[PDB]
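Novice: My questions will all concern the structure given below.
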Amino acid sequence: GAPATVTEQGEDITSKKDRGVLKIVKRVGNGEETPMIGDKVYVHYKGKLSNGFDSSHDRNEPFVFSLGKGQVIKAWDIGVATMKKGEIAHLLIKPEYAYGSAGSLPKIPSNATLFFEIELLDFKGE
Ligand SMILES: COc1cc2cc(c1OC)O[C@@H](C)CCn1cc(nn1)C[C@H](C)COC(=O)[C@@H]1CCCCN1C(=O)[C@H]2C1CCCCC1
């Protein structure tokens, strides 16, 4: 299903072209602007380890963060920078762009691949 489809069909949006962060657009958003570094960004998301969720909907409010400020994993700083307002995307993320061989116990083991569906709700310049 979704993680496999991203492996098969996703665009590599890494600078290194190392397939560290693969993307599919699932719903098209509106506008020419994508967020840039410093913007306050509002999303809903559903994430899991790629082998089978943490969801913003669990907490009945959007997840907010400042883009490219190291507040989230590298793969979000990269991925969300490509998204338009109202876009839903699927990301599949190797450990290098997430929590690495160190991991982040107890939630994240060593060398974990992660999957997210992200909806970009809004963003505003600092
Ligand atoms: C490693 O720790 C966690 C990882 C993830 C979520 C974590 C978390 O405990 C801090 O908490 C949520 C349960 C509560 C909301 N939340 C998200 C963040 N801060 N508070 C942002 C986190 C500090 C870092 O998270 C991330 O960079 C990414 C992208 C942004 C959304 C959350 N992210 C995660 O990696 C989740 C993780 C997804 C896979 C399934 C396990 C949880």
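Simple scheme: letters A, B, ... for chains in structure tokens order, numbers from 1 for residues in each chain, numbers from 1 for ligands in the order shown.
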Using only C-alpha atoms and all ligand atoms, which residues of the polymer chains come no farther than 10 Å from ligand 1? I'd like the answer as a ChimeraX atom specification.
Specialist: /A:43-50,52-56,58-59,62-65,70-77,97-99,103-109,112-116,118
Novice: Env of residue 82 of chain A: 10 Å cut, atoms = only C-alpha atoms, seq-sep filter 4 positions within chain, self excluded. Answer as a VMD selection string.
Specialist: chain A and resid 13 23 33 to 36 76 to 78 87 89
Novice: Report, in Å to a single decimal, how far apart atom CA of residue 14 of chain A and atom CA of residue 80 of chain A are.
Specialist: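 Calculated distance between atom CA of residue 80 of chain A and atom CA of residue 14 of chain A is 12.3 Å.
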Novice: Counting only C-alpha atoms, which of A:88, A:67, A:4, A:83 gets nearest to residue 119 of chain A?
Specialist: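 Going through A:88, A:67, A:4, A:83 one by one, the smallest distance to residue 119 of chain A is for A:88.
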